[PDB]
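Fold and contact review
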Amino acid sequence: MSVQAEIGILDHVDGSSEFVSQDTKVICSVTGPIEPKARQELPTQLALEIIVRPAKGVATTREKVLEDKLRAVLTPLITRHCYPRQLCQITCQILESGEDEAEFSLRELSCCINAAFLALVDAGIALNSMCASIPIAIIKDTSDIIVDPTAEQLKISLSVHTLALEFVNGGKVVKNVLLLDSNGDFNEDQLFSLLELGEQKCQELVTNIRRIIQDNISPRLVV
Amino acid sequence: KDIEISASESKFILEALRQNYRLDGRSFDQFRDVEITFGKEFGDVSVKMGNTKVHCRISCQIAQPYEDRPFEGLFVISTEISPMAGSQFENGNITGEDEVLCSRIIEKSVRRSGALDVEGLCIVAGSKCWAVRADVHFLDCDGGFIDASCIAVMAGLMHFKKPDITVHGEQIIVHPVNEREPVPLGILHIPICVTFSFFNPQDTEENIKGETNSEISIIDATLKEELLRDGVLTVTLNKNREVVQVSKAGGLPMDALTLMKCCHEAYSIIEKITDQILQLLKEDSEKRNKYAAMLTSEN
Amino acid sequence: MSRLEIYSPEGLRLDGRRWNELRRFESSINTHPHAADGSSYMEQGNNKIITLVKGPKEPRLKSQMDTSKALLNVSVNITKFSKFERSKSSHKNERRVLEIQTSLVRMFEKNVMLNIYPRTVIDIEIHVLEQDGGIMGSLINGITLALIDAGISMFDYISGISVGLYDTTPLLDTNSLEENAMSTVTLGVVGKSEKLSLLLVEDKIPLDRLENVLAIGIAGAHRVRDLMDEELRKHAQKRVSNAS
Amino acid sequence: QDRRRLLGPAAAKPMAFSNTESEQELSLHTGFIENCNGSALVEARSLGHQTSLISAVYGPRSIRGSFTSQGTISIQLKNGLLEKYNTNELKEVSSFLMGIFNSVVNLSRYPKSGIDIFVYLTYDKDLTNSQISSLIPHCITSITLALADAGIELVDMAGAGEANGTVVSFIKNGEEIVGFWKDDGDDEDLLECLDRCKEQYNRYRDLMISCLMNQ
Amino acid sequence: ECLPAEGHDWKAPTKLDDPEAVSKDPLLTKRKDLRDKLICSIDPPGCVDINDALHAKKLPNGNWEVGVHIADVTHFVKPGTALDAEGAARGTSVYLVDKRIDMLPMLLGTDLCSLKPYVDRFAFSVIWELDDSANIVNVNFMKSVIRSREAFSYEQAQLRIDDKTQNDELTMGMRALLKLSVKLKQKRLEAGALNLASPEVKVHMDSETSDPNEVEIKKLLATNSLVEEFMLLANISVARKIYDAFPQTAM
RNA sequence: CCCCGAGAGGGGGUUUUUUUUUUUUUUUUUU
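Calculation notes
- Residues numbered from 1 in each chain as written, not as in the entry; some residues may be left out.
- Chains lettered and ligands numbered in written order.
- Part of a larger assembly, values for the part shown.
- Heavy atoms only, no water.
- Residues with missing side-chain atoms left out of burial classes, pairs and counts.
- UniProt positions renumbered as here; feature names shortened; annotations may be inferred.
- Helix = DSSP H or I, 4+ residues; strand = E, 2+ residues; numbered from the N terminus.
- Contact = heavy atoms within 4.5 Å.
- Rg over C-alpha atoms; globule rule 2.2 N^0.38 Å.
- Buried area = accessible area lost by both parts, 1.4 Å probe.
- Salt bridge = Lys/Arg side-chain N within 4 Å of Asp/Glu carboxyl O.
- Polar contact = N/O pair within 3.5 Å; in protein donor to acceptor, adjacent residues only side chain to side chain.
- Nonpolar A, V, L, I, M, F, W, Y, C, P; charged D, E, K, R; others polar.
- Pairing = 2+ DSSP bridges.
- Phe/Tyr/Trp six-rings, centres within 6.5 Å; stacked < 30°, edge-to-face > 60°.
- Buried < 20%, exposed > 50% of the residue type's maximum accessible area, 1.4 Å probe, protein only.
- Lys NZ or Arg CZ within 6 Å of the ring centre and 35° of its normal.
- 1 Å grid on protein atoms, 1.4 Å probe; cavity = no way out; pocket = protein on both sides within 12 Å on 5 of 7 lines; lining within 4 Å.
- Points joined across faces, edges and corners; volume = space filled by probe spheres on them.
- Patch = residues over 30% accessible without salt bridge, like charges linked within 9 Å, V, L, I, M, F, W, Y side chains within 5 Å.
- Areas by Shrake-Rupley, 256 points an atom, 1.4 Å probe, with all protein chains shown as cover.
- Core = buried A, V, L, I, M, F, W, Y, C linked by side-chain atoms within 4.5 Å.
- Axes fitted to C-alpha atoms, helices over the stretch in contact; angles between N-to-C directions.
- Near = heavy atom within 4 Å.
- Parallel < 35°, antiparallel > 145°, perpendicular 65-115°, else oblique.
- Left-handed = near helix turned anticlockwise from the far one by under 90°.

Its PDB record attributes the structure to X-ray crystallography, giving the resolution as 3.8120 Å.

Per the PDB entry, chain D carries the name Exosome complex component MTR3 and comes from Saccharomyces cerevisiae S288c. The heading Sequence similarities in the UniProt record of chain D holds the text "Belongs to the RNase PH family."

As recorded by the PDB entry, chain B carries the name Exosome complex component RRP45 and is attributed to Saccharomyces cerevisiae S288c. Recorded under Sequence similarities, the UniProt text for chain B is reproduced unchanged: "Belongs to the RNase PH family."

For the rest of this paragraph, the subject is the overall build of chain B. A count of helical and extended segments in chain B gives six helices and 15 strands. For the C-alpha atoms alone, the extent of chain B along its principal axes is close to 70 × 50 × 40 Å. Long-range contacts, defined as pairs at least 24 residues apart, comprise 73% of the intrachain contacts of chain B with a sequence gap of at least 6.

Right, let's talk about the overall build of chain D for a bit. Within chain D, the regular secondary structure consists of three helices and eight strands. Mapped from its N terminus to its C terminus, chain D presents α and β elements in the order β-β-β-β-α-β-α-β-β-β-α. The C-alpha atoms of chain D give 19 Å as radius of gyration, which agrees with the globular expectation for 215 residues (17 Å, within 12%). Viewed in the frame of its principal axes, chain D has a C-alpha envelope of about 55 × 50 × 35 Å.

For the rest of this paragraph, the subject is the interface of chain B and chain C. The parts lose accessible area when they come together, and the size of an interface is often stated as this lost area. Chain B puts 44 residues into the contact, and the matching count from chain C is 32 residues. For the chain B and chain C pair, buried surface summed over both sides reaches about 3600 Å², with 56% attributable to carbon and sulfur atoms. Along the contact surface separating chain B from chain C lie eleven salt bridges. Where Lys110 of chain C meets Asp230 of chain B, a salt bridge forms, and the shortest distance between an N and an O atom there is 3.5 Å. Applying the counting rule to chain B against chain C returns 20 residue pairs in polar contact. Among the elements of the structure, α2 (97-111), α4 (204-208), β14 (242-248), β15 (254-255) and α6 (256-298) of chain B are those that each provide at least two residues to the side of chain B that touches chain C. By residue number, the principal contributor to the side of chain B that touches chain C is α2 of chain B, which donates eight residues. Looking at the side of chain B that touches chain C residue by residue, the classes come out as 17 nonpolar, twelve polar and 15 charged. Across two bridges, the pairing between β14 of chain B and strand β10 (residues 205-206) of chain C is antiparallel. Each bridged residue has a counterpart across the sheet, and for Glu242 of chain B the counterpart in β10 of chain C is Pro206 of chain C.

Here the focus is the packing of aromatic side chains. Residues and elements named next belong to chain B. Within the structure shown, the criterion is met by eight aromatic pairs over all chains. With centroids separated by 4.9 Å and ring planes inclined at 45°, the aromatic side chains of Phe138 and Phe145 adopt a geometry described as tilted. On the basis of relative accessibility, which here comes to 3%, the residue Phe138 falls in the buried class. Each member of the aromatic cluster is reached from another via a ring pair, and the members are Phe89, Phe138 and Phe145. For the cation-ring pair, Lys161 lies above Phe42, with the distance from its terminal atom to the ring centre recorded as 5.5 Å.

On to empty space enclosed by the protein. As a volume, the largest cavity reaches approximately 110 Å³. No other element matches the three residues that strand β6 (residues 128-140) of chain B contributes to the lining of the largest cavity. Of the residues contributing to the lining of the largest cavity, the split by class is four nonpolar, four polar and three charged. There is about 80 Å³ of room inside the second largest cavity. If you list the elements that add at least two residues to the lining of the second largest cavity, you get β2 (15-21), α2 (106-123) and β6 (130-138) of chain A. For the lining of the second largest cavity, the element with the highest residue contribution is α2 of chain A, accounting for four residues. By residue class, the composition of the lining of the second largest cavity is seven nonpolar, five polar and two charged.

Here the focus is a nonpolar patch on the surface. Residues and elements named next belong to chain C. Together, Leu4, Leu14 and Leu177 make up a nonpolar patch on the protein surface, roughly 270 Å² of accessible area in all. Within the element layout of this structure, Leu4 appears in the segment before β1 (25-26). Look at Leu4 and you get exposed, because its relative accessible area is 53%.

With that out of the way, let us pick up the nonpolar core. Grouped together as the largest cluster of nonpolar side chains are 131 residues, with contacts concentrated most on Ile36 and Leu157 of chain B together with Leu104, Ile122, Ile126 and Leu147 of chain C. Broken down by element, this core gets its largest block of residues, 13 residues, from α6 of chain B. With residues near it in sequence (within four places) discarded, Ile126 of chain C still touches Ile49, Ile50, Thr51, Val74, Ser75, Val76, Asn77, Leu104, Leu139 and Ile143 of chain C. With 57 residues, the next largest nonpolar core counts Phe19, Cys88, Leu118 and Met130 of chain A among its residues.

Turning our eyes to something else, we now look at the sheet that holds strand β8 (residues 176-182) of chain D. Residue and element names in this part refer to chain D. Across the sheet, three strands lie side by side as β6-β7-β8; this open sheet has antiparallel pairing. The sheet terminates laterally at β6 (159-163) and β8, the two strands that pair on one side only. On average, each strand axis in the sheet is inclined to that of its neighbour by 20°, with strand direction left out of account. Pairing geometry for strand β7 (residues 166-171) and β8, over six bridges, is antiparallel. Looking at the pairing, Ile171 lines up with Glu176 of β8. Those strands touched by helix α2 (residues 136-150) are β6, β7 and β8, and its axis lies near 170° from that of β6.

The next point concerns the protein's contact with RNA strand F. Of all residues adjacent to RNA strand F, which total 24 residues, the nearest are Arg95 of chain C together with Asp43, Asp49, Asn51 and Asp52 of chain E. Among atoms of RNA strand F positioned within 4 Å of the protein, sugar and phosphate together represent 74%. At a separation of 2.6 Å, a sugar or linking oxygen of RNA strand F approaches a polar side-chain atom of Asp49 of chain E. Measuring from a sugar or linking oxygen of RNA strand F, one finds a side-chain N or O atom of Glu228 of chain E at 3.4 Å. In terms of residue count, helix α6 (residues 222-245) of chain E provides more of the surface near RNA strand F than any other element does, five residues in total. Split by residue class, the surface near RNA strand F holds ten nonpolar, three polar and eleven charged.

The next point concerns the sheet that holds strand β4 (residues 46-53) of chain A. Residue and element names in this part refer to chain A. The mixed open sheet is built from five strands, whose spatial order is β1-β2-β3-β5-β4. Every interior strand has two partners, whereas the edge strands, β1 (4-7) and β4, have only one. Along the sheet, successive strands turn relative to each other by an average axial angle of 15°, direction set aside. Examined bridge by bridge, β4 and strand β5 (residues 86-96) share eight bridges and lie parallel to one another. When the sheet's bridge partners are listed, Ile50 is paired in β5 with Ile90. Most of the contacts of helix α1 (residues 61-77) go to β4, to which it runs at about 140°, and overall it touches β4 and β5.

Next up on the list: the arrangement of the chains. Most contacts, when the five pairs of chains in contact are compared, are made between chains B and C. Of all C-alpha pairs spanning chain A and chain C, none lies closer than 12 Å, and the two are not in contact.

With that settled, the discussion passes to the packing of α6 of chain B against helix α4 (residues 210-243) of chain C. Contact geometry for α6 of chain B and α4 of chain C: axes closest at 10 Å, N-to-C directions at 160°. In this view, α6 of chain B runs roughly antiparallel relative to α4 of chain C, as classed from their interaxial angle. Both α6 of chain B and α4 of chain C take part in a crossing whose hand is right-handed. Together, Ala256, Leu257, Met260 and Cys263 of chain B of α6 of chain B and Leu210, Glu211, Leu214 and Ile218 of chain C of α4 of chain C make up the contact between the two elements. Residues of the contact of α6 of chain B with α4 of chain C, tallied by class, amount to seven nonpolar, no polar and one charged.

Below is the structure:
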């Protein structure tokens, strides 16, 4: 869980970030609230334009799924009723997969969730709470649950998991499970053991994120 | 989505040019300091010019050559813009005026010019070959996208290394990097782009029928200077003292001798830039070798 | 390596021309009165170009409307039968064509007085019937003529020309064979001036030869301007004679 | 290949196989698509060719483009699962169908509205161990059923028939013609085709009315 | 016609900064001056077309300064000309006992480019700085102008070293070159250099009779190994330099 | 700033969806 992030790296965007876990590096940018296109307009709430760009080649249907899952996480996080008939552009440029993209998209999704959240924080957009996402995997010979697995570990995995939780009260109370994307062969006992260990490492991540956010933003503010 | 520019800002930036002043404090003939950072993987390069940030990634995969060219490999360059560089850019807008121009400048500078040895991308004639792909990612826009991309693509191609392949009959044997070292690409020449921006300090009448020329030309304009220019010129050269391509697609009519002056001024810049790229590649190679020695020693 | 005499020791080219002579340049004004406000049929060598100027008129969509200037649009239709070998696919969305259209717009935006036609649109449709080298220069001449026929105000003529560089030698007004055998430079020259609206180099050219090539092109473009101006006054004079 | 679909590997090649008057009966169903306003299922089986096509009517809905005293109608044919036709040929039939229902649909009752009619050529089996001409009468039957199921006003039950590459659609008890189509065929066979098609038109119209009522 | 208009009375400019000389040759400022060096050429008796010229000095830091000087043919033959065309066509000059079919005109190959003694001649020079064990510390390539002290023969050069007669700065340098060559040859042998052989016979011709009567054998003197070792050294350093500059079109 | 009444009335100054990428002719050195 030795992640590293930077905040406010882009000039022509309201907010930006660069999240790095292992070899997975994703840069994200957020502009909003701004004027929306007519087809995007929502009478009462904020409209989200979510874009995911791959590390190699052009955006395909694969990234279209990454956009969809990332939408399921960011939508309830943002206090959308504060910005009626308005738009918020959220762009993720995956710079380095950190995994075999022909087989997995686990680490890229988690890194996009964490980066998007950080970019939303930087942009100063109304959020109902905080959030953290981690990738998890299981190995058949080992029987182990490995949090933040490497690319080599994924190759020999039986199941891959993306867990993103919603935290409140100083990152101590799990408000809800924003996203759990479990793929592969697994049983009910493995699922809850995954959720128990997953919640712990997620809570540790929020604490680390809270540290990063305060370290970067506080110099900008005044005492 | 438009960028609103007040009359005051338009008059100020133009008047500053009339007083030999540009906002960033540079010189009319001064090119921005280019910073080149290589990632862990080969083909991963990050180019930075002031606030302008671009990232290029070189990749390749086994593919079959076209019927017309059985001895040549495949090579494509992608430069899709995104709202990350600014909300002025539409996501996936690959038919806009500026987009198509930029796409065509890079293509004529690298692809068409034959900067990459596509003949050396062939494994077995008319059957299997390498398909090199250059993906440019525009992170942050402060002008000079064309110059930043051309450096990003070239630095990437010269830094990239493809895995060794042995072929017997139909079968293809893709050797992993650890078992045997990867092989660099073949570069015939190193094309570098330098973009000039033109400003008419007077009116159109004095540009068309005016006796003495007074049009201002600056090298490597920022976003603000780029939005207020009347004409653009992109000239590509290499250390061999040859013009790879020149593109002044319309805009402010400019004196021929002035355009020639720009080409000679750009040549001094591309020389410094090319040598700079080579040096950063050597040090990167020395860095990777020194770590390889420190990894084998302790091992 | 060319086995053909691109430039013989006798100073003669494959078609018979010398280094310095333009190709039959025949212009034609008011060719499509019932189809456009302005029209021109260009024959520069084997090149055959129909140019239609439609406007200034009401935009079809109020979303695309400028209250300070007219909207200038150019669409180049390179037909599938323009070249000896018929192209299977269309060129309508070809990047090469989009750049050409964009280039032409960027040229005449600084020549056509769009500011005096606010809340209007000028649509320029081009059909290339036959192609044989220097198609870009011919496209420029076709638009300039058609725009004038439409009575649309502009500051000056824009003449287009191409110049090849075979070895040391510079060849004015090159054809398809010469372009395939050497690098060429396409030049757009404003009026009689030395100012270039368009400088286009797509192949390798030594830095030392470029200035001389430009000098040849500008001189040749001035002759194209004279031919365009001549044919235009001729068409004008007859109309004046018959109308008055 | 395509960035919007999964078409698989490019080196893959499709599987190619090797070698080692008659009465017509049809089945009719309407209103089984909750997604739209009107829908119809038309299945026909005869000799060495069976056809199962589905029609769907969407309208009257809003029109962005222009003001209209009367309604606007669009017809689009889509290729089905296995049998395929040229896009040009499907467009041509669409145009032919538009002309027919612009003579039947009471457009005056739907100002500034759009009636978009879709016909899916779902399953067209060719069992013979321009074929599009034999599908045309079944399309008209489906569109007529779907429009009536949608509640769109019709001047009369438009039906058709096919005989030797000649297709002709009738209204008003076969007194008048709302569309005439002829490919291939023979010479001076107009009178014979009109009679044979009117017989099919009458049979189709009876089954259609029987379907719109009893079902 | 591609030959210099001067003819046989062509001469390298006395001053390399002279206005007239710089006006005609703007590249003359890049030309180094090594006419103070002690250059000599070791070639067969009847050799008029001299390609290579050697010299040696002892630097104050203990190391040796070795310079191999090659005829500056490029300055006279330019790409595109008919002279260059015929030069490429022939590829090389053939050597017979009878005659000698030259690749380039006599005026150019026997005189203007030929590194003759007692005259100022243009040359492409390669200068090394190496220790006593013949190990290269550094190497520089430069177009220069030289003046050959003496055009020795292989037998004449060997005798001068052998005698011990002359203490002259030139002969002292000639001995030094021989010392380096032995070290250089030895390193190559240790490295894995081959030692093939095919000493063909030389058709002796009587002065008295045009018809040939005697067949002898050419003997390899130590001066032959002297020249060979430094020619190889020159070719190697140049090969490394040109390939570093032009990795894709290096001859 | 603009149009209609002879005197502080009236009328106008112009907003939003549709459809993918190629591209021309017997080693080595001096001779």
